[PDB]
Amino acid sequence: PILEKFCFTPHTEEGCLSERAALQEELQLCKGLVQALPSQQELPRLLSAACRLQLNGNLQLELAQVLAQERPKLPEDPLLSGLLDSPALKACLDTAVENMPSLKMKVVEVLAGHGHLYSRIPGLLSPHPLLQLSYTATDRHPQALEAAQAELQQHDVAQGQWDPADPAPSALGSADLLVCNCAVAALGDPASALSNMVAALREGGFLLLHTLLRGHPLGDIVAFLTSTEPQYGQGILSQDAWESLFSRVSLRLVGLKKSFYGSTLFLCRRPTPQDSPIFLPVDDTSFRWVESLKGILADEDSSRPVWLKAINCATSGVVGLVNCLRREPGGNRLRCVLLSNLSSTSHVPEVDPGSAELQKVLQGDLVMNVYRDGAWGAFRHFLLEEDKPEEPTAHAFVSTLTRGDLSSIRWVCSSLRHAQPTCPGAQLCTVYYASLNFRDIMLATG
């Protein structure tokens, strides 16, 4: 069975990867070397080599190239791929999948030779039972990404040629999702590349982009390096710079995951032609609103969206309802707004048509909009840790979890936690030593 946990996921999250230490240890190392101009990780090794040749006046050419660094191992650095391995990527991908008129998705990557998102994105989407995907990897040069063709082939991927700077080829056409990963790969120009991408993106699609932020420690550190390659330096921009660039191309930011070490993960959605949105209270306890929705949804000729809003209870189950109706005919229009707050103290916003927050969410145009304790997000599915849980217990017994596998023997919590000591026939006894007999071995071996 596929085991997952249904948890709230705020749209914007900052300081995502604070819990990890290896990332923090790497950051402490990196800042140490940079100070005044030591580990198995690639980026610290590169910094050490760069500072080794010269303490001052380091050559740009020498630090650009060195043995053990010419491999595209920069993404392999735990700092570089911290957010991709974190559940932020899954959250963004699930948000992209949910907001889709059909049940088929078309995603085209750019600069996959260095982005290496093809090796991670398709796997995260296996849990979806019915979703059918089309993944294609595009790069400027045919030899680029010529390696690992077995990795590409084992997944239903398609080769490409598109250069972000120049216009997109028609083969890609109107796609649902565009993954860039500018953090490691080098774009020709922010403005031009984004303009071409949004030109390729269908009406109402998404643009998932991963990049390192200027004005932050790691961003500045990478800025100091890579001085030989100007394109890479172009990709690194301040957060406000990225936000300003986004508006210029008529693209609206719906999601933004920000790691503590400066990394960011944007999710931008192409606006769809605006239309007058219907509104329907769905909080009546007699279900009389069902008739209204039945009539409203009946007129399939109309294309106006329907916004079921429940603001009178935190236990309204509109999420499952919109999930179910979206599969039914006419369900491409359904959208939700739910105010579920778990704390009495926390305030309740106003979702009046004139209100500003309703305007913001409408600009977003996202199916699920849940407001839980001062933040907007939606419920998302995350695979839970495989390791079995444990706890301290004075009572526990040895048991072979997998019959006939001596390597499966482990201590398990015993029922002797609950017992009565008064009964003379009970006589609970502590165990200091226990013996093994032929019978025990026969049971263990199976």
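- Method of determination, as annotated in the archive: cryo-EM, at 3.3 Å resolution.

## Quick look at the side chain of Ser 414
Part 1 of the argument: In this fold, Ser 414 is placed in the loop between strand 17 (409–413) and helix 16 (438–445).
Part 2 of the argument: We classify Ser 414 as buried; its relative accessible area is 14%.
Part 3 of the argument: Sequence-distant contacts of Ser 414, that is, excluding residues within four places in its chain, are made with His 395, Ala 396 and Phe 397.

## So, the environment of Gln 35
Part 1 of the argument: Mapped onto the fold, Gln 35 is located in the loop between helix 1 (22–34) and helix 2 (42–53).
Part 2 of the argument: Of the residues examined, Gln 35 reaches a relative accessible area of 61% and is grouped as exposed.
Part 3 of the argument: Along the backbone, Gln 35 and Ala 22 are 13 residues apart, and their C-alpha atoms lie at a distance of 20 Å.

## What to know about helix 14 (residues 318–327)
Helical geometry: 3.6 residues make up each α-helical turn, so side chains three or four residues apart lie on a common side.
Part 1 of the argument: Within helix 14, the full set of buried residues consists of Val 318, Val 319, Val 322, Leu 325 and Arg 326. Along the long axis of helix 14, the arc covered by the buried residues comes to 135°, so they all point the same way. Opposite the buried face of helix 14, by more than 90 degrees, sit the exposed residues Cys 324 and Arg 327.
Part 2 of the argument: If you follow the buried residues of helix 14, they end up packed against helix 5 (88–98), helix 13 (289–298), strand 12 (306–310), strand 13 (334–339) and strand 15 (376–383).

## Considering the packing of helix 9 (residues 190–200) against helix 12 (residues 239–248)
Part 1 of the argument: Here helix 9 crosses helix 12 at 45°, and the two axes come no closer than 10 Å. Compared by their axis directions, helix 9 and helix 12 come out oblique. Judged by the twist between their axes, the crossing of helix 9 over helix 12 is right-handed. Contact residues: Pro 190, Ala 191 and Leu 194 in helix 9; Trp 242, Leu 245 and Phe 246 in helix 12.

## Some thoughts on the pattern of salt bridges
Part 1 of the argument: This structure, assessed with the given rule, holds 11 salt bridges.
Part 2 of the argument: In this structure, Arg 20 and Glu 19 form a salt bridge, with 3.3 Å as the shortest nitrogen-oxygen distance.
Part 3 of the argument: The closest approach of N and O atoms between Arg 269 and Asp 365, which form a salt bridge, is 2.7 Å. One end of the pair, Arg 269, is in strand 10 (residues 263–269); the other, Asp 365, is in the loop between helix 15 (356–364) and strand 14 (370–371), with 96 residues separating them in the sequence. Each of the two residues, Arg 269 as well as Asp 365, counts as buried.
Part 4 of the argument: Residues joined in a network through salt bridges with shared partners are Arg 269, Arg 335 and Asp 365.

## Some words on helix 2
Part 1 of the argument: Given a rise of 1.5 Å per residue, 12 residues ought to cover 16 Å, and the 17 Å separating the end C-alpha atoms of helix 2 matches this to within 8%.
Part 2 of the argument: Among the residues making up helix 2, those that are buried are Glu 42, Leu 43, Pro 44, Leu 46, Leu 47, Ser 48 and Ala 50.
Part 3 of the argument: Taken together, the buried residues of helix 2 touch helix 1, helix 3 (60–64) and helix 10 (217–224).

## Focus on the nonpolar core
Part 1 of the argument: The biggest cluster of nonpolar side chains holds 53 residues, and the ones touching the most others in it are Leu 43, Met 105, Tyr 135, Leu 177 and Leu 208.
Part 2 of the argument: Sorting elements by how many residues they give to this core places helix 5 first, with six residues.
Part 3 of the argument: Among all residues touching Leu 208, those that are not within four sequence positions of it are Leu 89, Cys 92, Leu 93, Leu 177, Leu 178, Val 179, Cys 180, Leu 265, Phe 266 and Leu 267.
Part 4 of the argument: Membership of the second largest hydrophobic core comes to 29 residues, among which are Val 110, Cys 182, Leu 187 and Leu 256.

## Re unusual backbone geometry
Part 1 of the argument: Positive phi, close to 60°, is recorded for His 116, a residue that is not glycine.
Part 2 of the argument: Turning to its location among the elements, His 116 is positioned in the loop between helix 6 (112–115) and helix 7 (121–124).
Part 3 of the argument: The exposure class of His 116 is buried, given its relative accessible area of 11%.
Part 4 of the argument: Its identity as a non-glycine residue notwithstanding, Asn 181 has a phi of 60°, on the positive side.
Part 5 of the argument: By secondary structure assignment, the location of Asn 181 is in the loop between strand 6 (175–179) and helix 9.
Part 6 of the argument: Residue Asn 181 is classed as buried on the basis of its relative accessible area of 2%.

About the cut-offs
Per chain, the count goes from 1 following the written sequence and can depart from the entry's numbering; residues without coordinates do not appear at all. Taken from a larger assembly, the chains shown here are the sole basis for all values reported. The basis for every side-chain value is the complete set of heavy atoms in the structure, and neither hydrogens nor water enter the calculation. Comment: elements are numbered from the N terminus, with helices defined as DSSP H or I runs of at least four residues and strands as E runs of at least two. Only protein chains enter the accessibility calculation, which uses a 1.4 Å probe; a residue is then buried when its area is under 20% of its type maximum, exposed when over 50%, and partly exposed in between. In this description, contact between two residues means that some pair of their heavy atoms is separated by no more than 4.5 Å. Arc definition: it is the arc formed by the directions from the helix axis to the C-beta atoms. Here, axes are lines fitted to C-alpha atoms. For helices the fit covers the stretch in contact, and angles between N-to-C directions go from 0 to 180 degrees. Angles below 35 degrees are treated as roughly parallel, those above 145 as roughly antiparallel, those between 65 and 115 as roughly perpendicular, and all remaining angles as oblique. Two helices cross in a left-handed way if the nearer one is turned anticlockwise from the farther one by less than a right angle. They cross in a right-handed way if the turn is clockwise. Criterion for a salt bridge: a side-chain nitrogen of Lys or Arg within 4 Å of a carboxyl oxygen of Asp or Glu. One less than the residue count of a helix, multiplied by 1.5 Å, gives the span that helix is expected to have. Note on terminology: a nonpolar core comprises buried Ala, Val, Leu, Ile, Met, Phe, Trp, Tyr and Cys residues joined through side-chain atoms within 4.5 Å.

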